[PDB]
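Quick notes on the structure that follows.
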Number of protein chains: 2
Amino acid sequence: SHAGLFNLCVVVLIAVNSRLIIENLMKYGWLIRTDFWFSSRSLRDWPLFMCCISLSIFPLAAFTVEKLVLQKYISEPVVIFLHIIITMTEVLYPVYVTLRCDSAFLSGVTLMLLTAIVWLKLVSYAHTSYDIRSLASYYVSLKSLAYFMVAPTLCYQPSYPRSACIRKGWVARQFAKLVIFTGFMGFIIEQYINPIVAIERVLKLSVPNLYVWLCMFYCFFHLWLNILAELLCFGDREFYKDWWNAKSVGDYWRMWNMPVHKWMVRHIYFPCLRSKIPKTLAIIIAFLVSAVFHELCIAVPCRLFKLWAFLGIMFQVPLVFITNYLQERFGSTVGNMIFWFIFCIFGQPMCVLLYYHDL
Amino acid sequence: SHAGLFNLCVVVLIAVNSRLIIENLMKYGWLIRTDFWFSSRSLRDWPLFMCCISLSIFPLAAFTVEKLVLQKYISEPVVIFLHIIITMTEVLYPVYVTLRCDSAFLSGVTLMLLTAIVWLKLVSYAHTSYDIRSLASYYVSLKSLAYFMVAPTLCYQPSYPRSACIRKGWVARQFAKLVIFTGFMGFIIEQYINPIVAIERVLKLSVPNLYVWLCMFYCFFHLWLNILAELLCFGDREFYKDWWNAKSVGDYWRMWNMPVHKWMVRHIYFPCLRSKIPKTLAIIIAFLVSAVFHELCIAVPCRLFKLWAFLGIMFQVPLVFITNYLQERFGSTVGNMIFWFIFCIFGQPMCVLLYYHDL
Ligand SMILES: CCCCCCCC/C=C\CCCCCCCC(=O)OCC(COC(=O)CCCCCCC/C=C\CCCCCCCC)OC(=O)CCCCCCC/C=C\CCCCCCCC
Ligand SMILES: CCCCCCCC/C=C\CCCCCCCC(=O)OCC(COC(=O)CCCCCCC/C=C\CCCCCCCC)OC(=O)CCCCCCC/C=C\CCCCCCCC
Ligand SMILES: CCCCCCCC/C=C/CCCCCCCC(=O)O
Ligand SMILES: CCCCCCCC/C=C/CCCCCCCC(=O)O
């Protein structure tokens with residue numbers, strides 16, 4: 001119902017880390033870790049911002065081809081090829097910029113995350129436009145496309161949802177939490193995650209890392225997406241179901257992200273059901289279009305020659321079936337326990353630590 | 001909705017304590033800590049069991065006086081005095097037995113907890129009988145009284161609730177969790193709680209202790225009370241609301257225990273409202289009849305000459321008002337945070353550690 005358990009965890013982290021949290025150079029800088037930890041003005045991030053602004057051209061090209069389809073000369077497969085090559089360049093060019101230019105913990109990662117979101121939205125816009133035009137005013141269309149692009153959803157036509165209320169003027173009650181919460185992660189990386197500045201100990205290494213993920217889940221999904229929905233007055237405000245109450249790893253993927261789940265359902269599962277392709281390949285396709293966006297986020301900025309996250313995400317397809325069998329045999333409690341163990345030992349948070357140890 | 005966060009905490013405790021949990025003398029004894037940790041047959045617990053069986057006489061005396069009130073010779077205030085002295089002896093005699101006889105972590109504590117429950121039930125039976133008789137078959141009355149005494153509620157007349165279904169035959173799916181869960185606490189006391197086998201560190205001492213309480217809240221309220229209700233086919237099965245989602249310490253007392261909350265509401269708040277006594281004294285009375293039952297549980301078996309838990313519980317009356325003002329000023333999130341901090345530093349779990357450090 002509320003975040004009481006999260007408040008308990010935050011209070012526990014504050015209490016156990018009493019020597020450093022309470023005693024720190026707070027006379028001039030109230031930040032827990034450093035005055036400028038995640039990034040600073042010294043970094044040459046201006047090309048990254050310039051390319052982020054320039055990334056808006058691909059939506060403009062999608063708009064112009066979608067407007068140009070009304071002409072009789074242009075046909076369907078040429079438009080499909082144009083959409084495919086526009087989407088391919090939209091993912092290729094940021095990768096080239098990130099490889100050639102420098103990167104950081106947040107400076108280079110944000111370029112890749114926006115690229116995946118725009119790619120998913122660009123595919124979503126094209127597929128929805130094709131579906132709408134299949135059945136037998138520039139300003140309104142451009143406004144709708146811009147609202148879809150800025151809104152916190154991966155599905156076109158967000159008009160049906162409507163907030164129907166004035167946005168909260170006192171948003172600083174929420175936003176002020178975020179800058180505080182991102183401080184705590186800045187502490188947690190400093191103390192717990194520091195390998196080099198009996199049979200195995202990776203589980204002992206997985207205890208703090210999963211706490212970084214959930215906090216990273218709280219900063220983005222709970223706070224930032226709700227702020228985006230409220231500022232834009234978007235109707236729906238349910239970006240994730242109770243993913244922690246997942247009987248298996250298969251159910252976690254449906255609950256942890258509702259925009260991504262809905263995109264996968266409407267674009268990868270729905271046409272496969274319409275095309276008579278059983279949901280045995282759709283799972284691989286869904287996980288293929290998730291790993292490519294969970295590997296470009298983490299491998300592209302830093303070095304990449306081993307322990308690729310693509311294989312880690314692709315390994316989930318055995319794991320969802322294995323956990324489904326295990327929970328169906330041993331009950332919901334055992335299913336939740338083995339799901340948490342799998343998420344700790346071979347889950348998403350472990351991929352970040354595998355790359356941190358590499359660099 | 002489920003215990004996914006609790007499963008996450010259990011998996012985290014297993015992962016961080018990988019050296020001892022995985023590697024242990026499990027060839028002959030599968031218990032985590034010791035073959036006989038909490039108690040053993042060597043302890044002379046037979047007098048304690050004999051007195052626990054003998055404790056059932058006070059309900060029989062309550063029954064016999066309640067049956068004898070129908071006679072014209074006996075009056076009301078003599079019956080009230082008989083109920084008062086019977087309740088007083090019912091709490092005095094177990095205290096005398098525990099002081100004279102030996103005690104342990106669980107051997108002596110269980111004698112005191114049953115005494116408080118029977119005292120609350122005996123007062124509840126007498127007050128309800130007086131209310132029923134105020135307005136103008138031995139076997140059925142005895143059966144109803146026995147069902148009330150064994151049932152997991154502190155209020156008389158549990159007949160209106162009804163399970164109306166057959167109890168779960170495969171109860172071992174639940175009971176087998178409990179003996180496992182009590183094992184984990186047996187580990188947690190061993191490693192974390194071991195003081196003697198900068199400005200302050202009590203917060204660092206409060207981090208594990210609150211985890212012992214919540215697990216102790218899971219073993220008793222979630223599992224044992226539900227098992228008692230299902231075996232006896234008792235209707236209501238809501239022994240606690242979302243106490244973790246408490247904006248203040250005042251709301252925690254209402255949510256953490258529904259039988260005790262209902263007893264306090266029906267016996268201490270309701271007649272005070274009927275008697276025109278404002279709810280400013282009822283809170284002190286409610287906490288006076290809670291501290292006496294949170295001090296006899298912990299001080300009576302072990303030594304008691306300082307740091308009495310009665311003063312600790314009585315100190316809550318300032319704290320509920322202070323936390324109400326603080327949360328009303330600073331919002332629900334700040335209220336939950338300061339509630340968790342107060343519960344860590346001066347809450348119920350700290351009282352147990354204060355006595356553990358003493359002995
Ligand atoms: C040039 C400056 C731009 C800078 C950003 C300004 C944003 C406003 C944006 C765009 C205008 C550009 C116009 C161009 C195209 C417009 C199309 C577009 O992308 O806009 C819509 C989009 C915007 O919001 C974002 O998510 C964008 C990403 C921003 C956040 C990254 C920020 C810094 C790094 C880490 C943050 C630390 C983490 C705490 C968050 C605290 C901070 C928040 O939202 C959605 O619709 C998506 C629907 C939601 C589902 C998407 C799949 C979710 C999957 C996975 C992650 C799972 C783990 C969570 C955390 C992941 C990160 C570790
Ligand atoms: C001779 C052998 C008897 C031995 C026990 C057999 C029980 C069956 C009983 C009785 C027949 C006797 C006939 C004589 C009179 C009958 C009247 C009577 O008392 O029966 C009803 C009663 C029974 O259940 C109990 O609670 C009794 C206590 C038993 C548990 C203690 C056990 C060992 C120590 C610790 C356990 C470790 C903790 C994990 C639990 C794992 C184990 C479970 O239940 C209720 O109705 C109460 C309504 C619920 C509200 C009461 C207020 C709650 C407040 C606070 C505690 C808050 C913290 C929780 C944990 C507290 C402990 C740390
Ligand atoms: C130096 C920078 C190091 C960065 C390492 C940590 C990066 C954290 C990444 C977060 C998880 C990535 C999730 C991406 C989801 C994309 C959308 C999709 O799922 O399809
Ligand atoms: C050696 C034994 C040491 C025991 C120390 C720990 C005891 C734990 C006690 C649990 C909390 C007590 C709660 C009692 C509630 C009684 C009913 C009421 O609230 O009115």
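Residues in the structure tokens are named by chain (A, B, ... in the order shown) and by number from 1 within that chain; ligands are numbered from 1 in the order shown.
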message = Need to verify the contact set: residue A:265, 12 Å, only C-alpha atoms, exclusion of same-chain residues closer than 2 positions in sequence. Can you return it as a VMD selection string?
response = chain A and resid 124 154 to 155 253 to 254 257 to 263 267 to 273 279 282 to 283 285 to 286
Give me, as JSON lines, the closest atom pair and its distance (Å, one decimal) for every residue of chain B within a cut-off of 7 Å of ligand 4, counting only C-alpha atoms and all ligand atoms, rows sorted by chain and rising number.
```
{"residue": "B:103", "atom": "CA", "partner": "ligand 4", "partner_atom_place_in_ligand_line": "1 (C)", "distance": 6.8}
{"residue": "B:104", "atom": "CA", "partner": "ligand 4", "partner_atom_place_in_ligand_line": "1 (C)", "distance": 4.5}
{"residue": "B:105", "atom": "CA", "partner": "ligand 4", "partner_atom_place_in_ligand_line": "1 (C)", "distance": 3.3}
{"residue": "B:106", "atom": "CA", "partner": "ligand 4", "partner_atom_place_in_ligand_line": "2 (C)", "distance": 5.9}
{"residue": "B:108", "atom": "CA", "partner": "ligand 4", "partner_atom_place_in_ligand_line": "2 (C)", "distance": 6.8}
{"residue": "B:109", "atom": "CA", "partner": "ligand 4", "partner_atom_place_in_ligand_line": "2 (C)", "distance": 5.8}
{"residue": "B:113", "atom": "CA", "partner": "ligand 4", "partner_atom_place_in_ligand_line": "16 (C)", "distance": 6.3}
{"residue": "B:116", "atom": "CA", "partner": "ligand 4", "partner_atom_place_in_ligand_line": "16 (C)", "distance": 6.0}
{"residue": "B:117", "atom": "CA", "partner": "ligand 4", "partner_atom_place_in_ligand_line": "17 (C)", "distance": 6.5}
{"residue": "B:260", "atom": "CA", "partner": "ligand 4", "partner_atom_place_in_ligand_line": "20 (O)", "distance": 6.5}
{"residue": "B:289", "atom": "CA", "partner": "ligand 4", "partner_atom_place_in_ligand_line": "20 (O)", "distance": 6.2}
{"residue": "B:290", "atom": "CA", "partner": "ligand 4", "partner_atom_place_in_ligand_line": "20 (O)", "distance": 4.2}
{"residue": "B:293", "atom": "CA", "partner": "ligand 4", "partner_atom_place_in_ligand_line": "16 (C)", "distance": 4.5}
{"residue": "B:294", "atom": "CA", "partner": "ligand 4", "partner_atom_place_in_ligand_line": "14 (C)", "distance": 4.4}
{"residue": "B:297", "atom": "CA", "partner": "ligand 4", "partner_atom_place_in_ligand_line": "12 (C)", "distance": 5.6}
{"residue": "B:298", "atom": "CA", "partner": "ligand 4", "partner_atom_place_in_ligand_line": "5 (C)", "distance": 5.0}
{"residue": "B:301", "atom": "CA", "partner": "ligand 4", "partner_atom_place_in_ligand_line": "2 (C)", "distance": 6.8}
{"residue": "B:302", "atom": "CA", "partner": "ligand 4", "partner_atom_place_in_ligand_line": "1 (C)", "distance": 6.3}
{"residue": "B:352", "atom": "CA", "partner": "ligand 4", "partner_atom_place_in_ligand_line": "6 (C)", "distance": 5.1}
```
Find the residues in chain B near chain A: any atom within 8 Å counts, using only C-alpha atoms. Write them as a short mmCIF file (atom, residue, chain, number, x, y, z; two decimals) with N, CA, C and O atoms, in the first residue's frame.
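Final output, saved to out33.cif:
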```
data_model
loop_
_atom_site.label_atom_id
_atom_site.label_comp_id
_atom_site.auth_asym_id
_atom_site.auth_seq_id
_atom_site.Cartn_x
_atom_site.Cartn_y
_atom_site.Cartn_z
N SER B 1 0.42 -7.69 -0.13
CA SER B 1 -0.42 -8.79 -0.61
C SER B 1 0.16 -10.13 -0.19
O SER B 1 -0.57 -11.03 0.22
N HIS B 2 1.48 -10.26 -0.30
CA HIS B 2 2.21 -11.47 0.07
C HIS B 2 3.44 -11.05 0.87
O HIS B 2 3.62 -9.88 1.19
N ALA B 3 4.29 -12.03 1.19
CA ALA B 3 5.50 -11.84 1.98
C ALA B 3 6.75 -11.81 1.12
O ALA B 3 7.79 -12.36 1.49
N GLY B 4 6.67 -11.18 -0.06
CA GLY B 4 7.82 -11.13 -0.95
C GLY B 4 8.99 -10.37 -0.36
O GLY B 4 10.15 -10.77 -0.54
N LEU B 5 8.72 -9.27 0.34
CA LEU B 5 9.79 -8.54 1.01
C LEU B 5 10.42 -9.38 2.11
O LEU B 5 11.64 -9.35 2.31
N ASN B 7 10.59 -12.67 2.11
CA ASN B 7 11.41 -13.66 1.41
C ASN B 7 12.72 -13.04 0.94
O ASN B 7 13.77 -13.69 1.00
N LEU B 8 12.67 -11.79 0.46
CA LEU B 8 13.89 -11.09 0.08
C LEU B 8 14.83 -10.93 1.27
O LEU B 8 16.04 -11.15 1.15
N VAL B 11 16.38 -14.32 2.10
CA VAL B 11 17.41 -14.68 1.13
C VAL B 11 18.66 -13.83 1.34
O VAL B 11 19.79 -14.32 1.18
N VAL B 12 18.49 -12.56 1.70
CA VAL B 12 19.64 -11.70 1.98
C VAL B 12 20.40 -12.20 3.21
O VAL B 12 21.64 -12.23 3.22
N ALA B 15 22.31 -15.25 2.19
CA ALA B 15 23.43 -14.95 1.31
C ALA B 15 24.59 -14.34 2.08
O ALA B 15 25.75 -14.72 1.88
N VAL B 16 24.31 -13.37 2.96
CA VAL B 16 25.38 -12.70 3.68
C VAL B 16 26.04 -13.66 4.67
O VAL B 16 27.26 -13.63 4.87
N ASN B 17 25.24 -14.53 5.30
CA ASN B 17 25.74 -15.56 6.21
C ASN B 17 25.98 -16.88 5.47
O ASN B 17 25.50 -17.94 5.88
N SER B 18 26.73 -16.82 4.37
CA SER B 18 27.00 -17.99 3.56
C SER B 18 28.03 -18.92 4.17
O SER B 18 27.98 -20.13 3.93
N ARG B 19 28.98 -18.39 4.95
CA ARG B 19 30.04 -19.23 5.51
C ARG B 19 29.48 -20.23 6.52
O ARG B 19 29.89 -21.40 6.52
N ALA B 198 30.89 6.78 17.12
CA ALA B 198 31.89 7.14 18.12
C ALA B 198 31.21 7.58 19.42
O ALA B 198 31.41 6.98 20.47
N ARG B 201 26.64 4.14 19.58
CA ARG B 201 26.54 3.03 18.63
C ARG B 201 25.26 2.21 18.81
O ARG B 201 25.15 1.14 18.20
N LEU B 203 22.30 2.65 17.73
CA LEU B 203 21.64 2.46 16.44
C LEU B 203 22.26 1.29 15.68
O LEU B 203 21.53 0.47 15.11
N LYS B 204 23.59 1.18 15.71
CA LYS B 204 24.24 0.02 15.11
C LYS B 204 23.84 -1.27 15.83
O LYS B 204 23.80 -2.33 15.21
N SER B 206 20.78 -1.57 17.10
CA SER B 206 19.35 -1.71 16.87
C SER B 206 19.01 -2.30 15.50
O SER B 206 17.86 -2.70 15.30
N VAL B 207 19.96 -2.36 14.57
CA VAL B 207 19.66 -2.88 13.23
C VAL B 207 19.28 -4.35 13.26
O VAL B 207 18.23 -4.70 12.68
N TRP B 244 3.21 -1.73 9.60
CA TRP B 244 4.43 -1.15 9.05
C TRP B 244 4.12 0.15 8.31
O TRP B 244 4.98 1.04 8.24
N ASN B 245 2.92 0.28 7.75
CA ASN B 245 2.47 1.52 7.11
C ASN B 245 1.78 2.43 8.14
O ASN B 245 0.63 2.83 7.99
N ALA B 246 2.52 2.75 9.20
CA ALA B 246 2.05 3.57 10.30
C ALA B 246 2.67 4.96 10.19
O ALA B 246 3.90 5.09 10.19
N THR B 333 5.66 10.57 4.64
CA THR B 333 6.97 9.93 4.52
C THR B 333 7.86 10.24 5.71
O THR B 333 8.50 9.34 6.27
N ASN B 336 6.54 8.29 8.71
CA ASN B 336 6.96 6.89 8.70
C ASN B 336 8.44 6.76 9.06
O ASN B 336 8.82 5.85 9.81
N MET B 337 9.28 7.67 8.55
CA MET B 337 10.70 7.60 8.85
C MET B 337 10.98 7.83 10.33
O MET B 337 11.75 7.08 10.95
N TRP B 340 9.85 4.81 12.33
CA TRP B 340 10.83 3.72 12.30
C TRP B 340 12.05 4.03 13.15
O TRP B 340 12.56 3.14 13.84
N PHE B 341 12.53 5.28 13.13
CA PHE B 341 13.66 5.65 13.98
C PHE B 341 13.33 5.52 15.46
O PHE B 341 14.16 5.02 16.23
#
```
request  = Within 6 Å of ligand 2, which residues show up when you count only C-alpha atoms and all ligand atoms? List them as a PyMOL selection string, please.
outcome  = chain B and resi 49+52+55-56+106+110+113-114+117-118+149-154+216-217+219-220+224+259-260
Please produce a file of those selected residues containing N, CA and C atoms, as a short mmCIF file (atom, residue, chain, number, x, y, z; two decimals), in the first residue's frame.
```
data_model
loop_
_atom_site.label_atom_id
_atom_site.label_comp_id
_atom_site.auth_asym_id
_atom_site.auth_seq_id
_atom_site.Cartn_x
_atom_site.Cartn_y
_atom_site.Cartn_z
N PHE B 49 4.99 -26.88 33.48
CA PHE B 49 3.85 -27.51 32.81
C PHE B 49 2.72 -27.81 33.78
N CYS B 52 1.00 -24.60 34.41
CA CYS B 52 0.23 -24.20 33.23
C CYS B 52 -1.09 -24.97 33.16
N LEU B 55 -3.42 -23.64 35.83
CA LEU B 55 -3.95 -22.32 35.53
C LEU B 55 -5.38 -22.34 35.02
N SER B 56 -5.85 -23.48 34.49
CA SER B 56 -7.21 -23.61 34.00
C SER B 56 -8.28 -23.56 35.09
N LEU B 106 12.73 -19.40 26.63
CA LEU B 106 11.36 -19.76 26.26
C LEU B 106 10.62 -20.49 27.37
N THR B 110 7.04 -18.31 28.41
CA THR B 110 5.72 -18.81 28.01
C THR B 110 4.75 -18.88 29.19
N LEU B 113 3.43 -15.15 29.39
CA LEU B 113 2.57 -14.76 28.28
C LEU B 113 1.18 -15.39 28.37
N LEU B 114 1.10 -16.67 28.75
CA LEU B 114 -0.20 -17.29 28.96
C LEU B 114 -0.95 -16.65 30.12
N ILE B 117 -2.58 -13.47 28.84
CA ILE B 117 -3.68 -13.79 27.94
C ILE B 117 -4.90 -14.25 28.73
N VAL B 118 -4.69 -15.13 29.72
CA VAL B 118 -5.81 -15.59 30.55
C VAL B 118 -6.38 -14.47 31.40
N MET B 149 -11.78 -19.48 25.33
CA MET B 149 -10.45 -19.52 25.95
C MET B 149 -9.39 -20.05 24.99
N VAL B 150 -9.71 -21.07 24.20
CA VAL B 150 -8.74 -21.65 23.28
C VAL B 150 -8.62 -20.83 22.00
N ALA B 151 -9.68 -20.11 21.63
CA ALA B 151 -9.67 -19.38 20.36
C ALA B 151 -8.68 -18.21 20.42
N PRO B 152 -8.18 -17.74 19.25
CA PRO B 152 -7.17 -16.67 19.26
C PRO B 152 -7.79 -15.27 19.26
N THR B 153 -8.61 -15.00 20.28
CA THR B 153 -9.23 -13.69 20.45
C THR B 153 -9.41 -13.43 21.94
N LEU B 154 -9.36 -12.14 22.29
CA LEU B 154 -9.49 -11.68 23.67
C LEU B 154 -10.90 -11.19 24.01
N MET B 216 9.88 -12.39 14.73
CA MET B 216 9.06 -12.80 15.86
C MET B 216 7.61 -12.38 15.67
N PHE B 217 7.36 -11.31 14.91
CA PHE B 217 6.00 -10.96 14.54
C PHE B 217 5.45 -11.92 13.49
N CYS B 219 6.38 -15.20 13.10
CA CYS B 219 6.18 -16.53 13.66
C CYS B 219 4.88 -16.61 14.45
N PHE B 220 4.58 -15.59 15.26
CA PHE B 220 3.42 -15.64 16.13
C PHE B 220 2.14 -15.23 15.40
N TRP B 224 1.06 -18.73 13.75
CA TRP B 224 0.48 -19.46 14.87
C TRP B 224 -0.99 -19.09 15.09
N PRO B 259 -6.76 -8.29 18.10
CA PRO B 259 -7.38 -8.75 19.36
C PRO B 259 -7.13 -7.82 20.54
N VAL B 260 -5.88 -7.43 20.77
CA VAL B 260 -5.56 -6.50 21.85
C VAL B 260 -6.16 -5.12 21.60
#
```
message = Restricting the calculation to only C-alpha atoms: of A:89, A:182, A:36, A:354, which residue gets closest to residue A:307?
response = A:354
inquiry  = Ranking A:185, A:342, A:112, A:277 by minimum distance to ligand 3 and counting only C-alpha atoms and all ligand atoms, which one comes first?
reply    = A:112
query = Quick one: DSSP alpha helix (DSSP H) residues in stretch 37-218 of chain A, as a PyMOL selection string?
reply = chain A and resi 46-54+57-68+76-100+107-134+138-150+172-191+202-217
inquiry  = Using Å and a single decimal, report how far atom CA of residue A:323 sits from atom CA of residue A:248.
reply    = 5.4 Å
message = If I take atom CA of residue A:308 and atom 5 (C, counted along the ligand's line) of ligand 3, how far is one from the other in Å, to one decimal?
response = 12.5 Å
key: 8 Å contact set for residue A:175, only C-alpha atoms, chain neighbours under 4 positions out, as a PyMOL selection string   = chain A and resi 171+179+223+227
